[PDB]
Amino acid sequence: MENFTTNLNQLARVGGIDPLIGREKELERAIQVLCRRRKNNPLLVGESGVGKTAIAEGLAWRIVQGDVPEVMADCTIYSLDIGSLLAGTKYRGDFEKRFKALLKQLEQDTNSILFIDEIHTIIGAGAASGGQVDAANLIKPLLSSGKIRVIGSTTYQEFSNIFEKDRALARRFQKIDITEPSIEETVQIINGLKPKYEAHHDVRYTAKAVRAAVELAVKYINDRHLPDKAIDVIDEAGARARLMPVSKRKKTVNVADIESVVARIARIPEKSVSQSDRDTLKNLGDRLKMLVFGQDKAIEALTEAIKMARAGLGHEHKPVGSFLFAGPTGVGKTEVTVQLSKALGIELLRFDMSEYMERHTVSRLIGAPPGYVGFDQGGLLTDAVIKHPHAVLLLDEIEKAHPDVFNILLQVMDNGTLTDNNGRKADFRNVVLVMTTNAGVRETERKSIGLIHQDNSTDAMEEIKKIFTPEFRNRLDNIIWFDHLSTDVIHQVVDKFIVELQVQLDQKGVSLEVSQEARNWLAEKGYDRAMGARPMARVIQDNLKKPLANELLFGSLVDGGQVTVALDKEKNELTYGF
Amino acid sequence: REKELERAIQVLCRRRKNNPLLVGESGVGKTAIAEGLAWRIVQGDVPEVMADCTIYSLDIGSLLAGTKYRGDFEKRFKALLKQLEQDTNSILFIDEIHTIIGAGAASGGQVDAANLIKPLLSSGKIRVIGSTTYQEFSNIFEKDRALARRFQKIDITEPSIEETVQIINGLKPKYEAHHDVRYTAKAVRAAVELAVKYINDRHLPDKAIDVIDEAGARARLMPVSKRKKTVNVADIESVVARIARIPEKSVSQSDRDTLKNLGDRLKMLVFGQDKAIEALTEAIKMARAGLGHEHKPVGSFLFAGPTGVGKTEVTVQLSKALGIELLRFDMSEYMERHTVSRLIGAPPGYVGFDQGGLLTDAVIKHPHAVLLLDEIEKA
Ligand SMILES: Nc1ncnc2c1ncn2[C@@H]1O[C@H](COP(=O)(O)OP(=O)(O)OP(=O)(O)O)[C@@H](O)[C@H]1O
Ligand SMILES: Nc1ncnc2c1ncn2[C@@H]1O[C@H](COP(=O)(O)OP(=O)(O)O)[C@@H](O)[C@H]1O
Ligand SMILES: Nc1ncnc2c1ncn2[C@@H]1O[C@H](COP(=O)(O)OP(=O)(O)O)[C@@H](O)[C@H]1O
Ligand SMILES: Nc1ncnc2c1ncn2[C@@H]1O[C@H](COP(=O)(O)OP(=O)(O)O)[C@@H](O)[C@H]1O
């Protein structure tokens, strides 16, 4: 074992092992497990950046320091990796002999403990040099009899793939749950390692830089457990400090240098790491009021709710917001969402719920079960958010979605996340969730009976309460009701449609002047509150696009030029030559 | 579990479909029985039917080790079966019978190991004792008639409280010797009595024992056994709690005062409706007092009131106050008949496959829970 197993206690004596910071209960469990007769081989099971190996080394350090009771103090912890014994590529003549030499020496020294990092290498695996399945089988009897003790190292997902599949370990080993350290501990961990970064990069880190690397990494980097996200910031700040300033050569890394690299590591703007866009948010309501007319309270409800989320009044785990838009048709409930994403400068992820009416929607939104085509997709919903965690997400006409989609949505509204079928998760915290419904368009066309008409409208949102259950409705920030639009709105709608018509005409080299009276008339001609703004697109198409198309194709407008439309005293559209 | 040993024997005594299979789940003691069958033989406590028969445990590890080539796994395995077939009244015990179904110990070894056994079972050359689980049985034996019709299904269940205490006392001296400790009568009963209250997801034979092992081991590791060799119920409480985190603070408090104090604790969180919370307290006491039947619910109460008045909050506080889970369902979502089946886990219209009932699962996972059904007039 002389050139095969690393003595961790010796590295701790040498100084190869950095003192463990915190983790007193994790170490206590490892020793509590090691001191037992059965299930007496601990497994440090976690995720990346938790330090599970650092803890195992940390235990060897405590064994050496004598911070544990003699049962374990002065025992020897050695570590086996995939570098020394896996060199037996000439097979068993090298491998079996070196492998068994360890077992025999370790069997003789019953106060010897091995640490096996990346333990999945052997458990649930066992190849390498073609020696590890039985090498594991040759360790197991000695762990059972108490001749050799073993500390493992794995992750929660690997654990279920390797431990839960082998009863030899179920009776020999015990899981210890390893999670991330505190913020303070992370800073202390950085300070322990800091000099290594300083030495590599020829930089020096301030006290504020190390505190900030941990704090800033938490605020924006969602990739790893605290030690790793903070370290990349320190290592990146260090490196940038020695690369960028060729003409300046600053060595000291301060909070400002952390802010620059965190922004880059975290995939956010160099400004936004500290300074958010206060003004795009202040101006949101007006930019939208200029595009979707008449829905002023709806825009304000949306605008204010977003600002509250952006102002930090809400929960750090939840979506930016969640709204179910409802109202009559042709009122802008989707148009405002589309314009919302543009106004905010945020990519729009759009899912049309009509495409998900079956109970197999999940197989496409989340992903197919393993063994089926499509298991490779992480889910259309989940993948879109993972690649675009900062997004406006639209679920168009949600009342048509199959009810199973609500289990997906209820989870996101409660926890801000959604896992895929491969164990990865979407982060919806920077996603604005808007879903629209036409349950609210149900109304009648029939009037009251009598000489005098009276308003016989039904109660708003009763139809929503009958479609969406309280579980789904109580998780919304709001339900934003859109009203039928008025004739004043129509005049504004006609103006934007005339402009759109002109944009199309500009591409033909044609300038169109529509008189005010022509607009006033069309606005009146096409109005129907029941169908919202739809009809206006239609009346404009019927009265202006028809004549223009005929001229653009066969007549005077074919070459580009100036066309105008006047309203007749007789309410006809009068057109110009060119 | 003497009848289990006898049942395996009655199967070994048959001429066809004469290979007993011990079918269990983790912690029931199915391995212990197989060990017990070998034990009875070594002590001569067997019928002549078995004569002086030797039960051997298939060692897939040893068959694979040092080679990992199909040719060597096979010459050793086939030689094994030949020698086992040759022994008079031979019995092959296969522990982990559900794991050799692949290739013995590993891919690269004998991929046909199950296939080499099938014909001996068919001829009855070696009586074979298997060891599988309830869940694996249908994926190992029912899977292939060459085994389904060669083995008998013997259902192994967990032992009683008293039997586990006897198991602890049987093994206790080993733990006392292993960890330089002694266990009180209360400690051995407590490892059993408390494991069944706080462990929840494992059978008693392993967990009362883990608790004994850990109390001993913990006392050896900490400077306790050096002086305080004795492990009493107090040490057991710390040990079960070590993982469960319950008994060290809640193994016993008062089964009378934690109920009386319910009336007043509810008043600290929910304000007003004092009589409603007292009525619940009274009903709970009557149930605790033993007024009712073993098949009946602890209790059932309809909470009528305005919304937003804490009907839920009282229910939440009852669950917290009583140390139990809260299960919730909204009856307005169970207004239609199909959804009703989803709730029940009725043979038709259930959830998923193993997700069957929503209510059946909720009541199985959390059997001591308080179940809240909202707005039942909409059900
Ligand atoms: N309030 C509005 N102001 C200006 N233009 C509008 C308004 N509503 C709609 N429009 C225009 O009419 C068209 C239809 O709008 P939109 O797609 O948003 O309807 P909707 O809210 O989705 O209702 P539904 O889905 O039931 O049809 C769009 O091209 C849009 O530009
Ligand atoms: N208690 C600790 N003391 C010092 N450093 C720690 C501690 N815990 C974690 N770390 C740091 O976390 C890293 C080790 O964990 P790591 O190897 O990244 O886990 P994983 O293998 O799952 O990715 C090291 O950078 C280590 O310094
Ligand atoms: N009937 C029994 N009598 C005594 N000890 C038992 C009994 N059954 C199980 N045990 C012990 O409880 C632990 C788990 O039993 P085990 O045979 O491994 O079942 P499983 O592997 O299915 O969980 C073991 O330590 C075992 O020795
Ligand atoms: N009796 C009560 N004591 C304290 N808070 C209450 C009480 N009743 C209602 N509330 C509060 O009113 C809100 C709704 O109460 P809750 O029971 O959770 O939902 P529901 O309206 O369905 O009963 C909550 O903020 C709750 O705290």
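If you go along the chain as it appears here, the first residue is 1 and each next one adds 1.
For this deposited structure, the header notes the method as electron microscopy, 2.7 Å.
In case you wondered, yes, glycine gets a Cβ from its N, Cα and C as well.
Features as listed in Swiss-Prot:
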{"type": "BINDING", "residues": "B:24-31, B:305-312", "note": "ATP binding site"}
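Checking the binding-site residues B:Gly305, B:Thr307, B:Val309, B:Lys311 against ligand 3, not one has its Cβ under 6 Å from it. A strand conformation is recorded for B:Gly24 (ATP binding site) in the three-state DSSP classification. The binding-site residues considered are B:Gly24, B:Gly305; of these, B:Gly305 has the fewest other C-beta atoms within 10 angstroms of its C-beta. B:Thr307, B:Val309 are the binding-site residues among B:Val28, B:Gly305, B:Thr307, B:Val309 whose C-beta comes within less than 6 Å of an atom of ligand 4, given in sequence order.
The most densely surrounded of the binding-site residues B:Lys30, B:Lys311 is B:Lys30 (count of other Cβ atoms within 10 A of its Cβ). Around B:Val28 (ATP binding site), a 10 Å sphere centred on its CB holds 24 further CB atoms from the protein chains shown.
Considering other CB atoms within 10 Å as the measure, the emptiest surroundings among the binding-site residues B:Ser26, B:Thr307 are those of B:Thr307.
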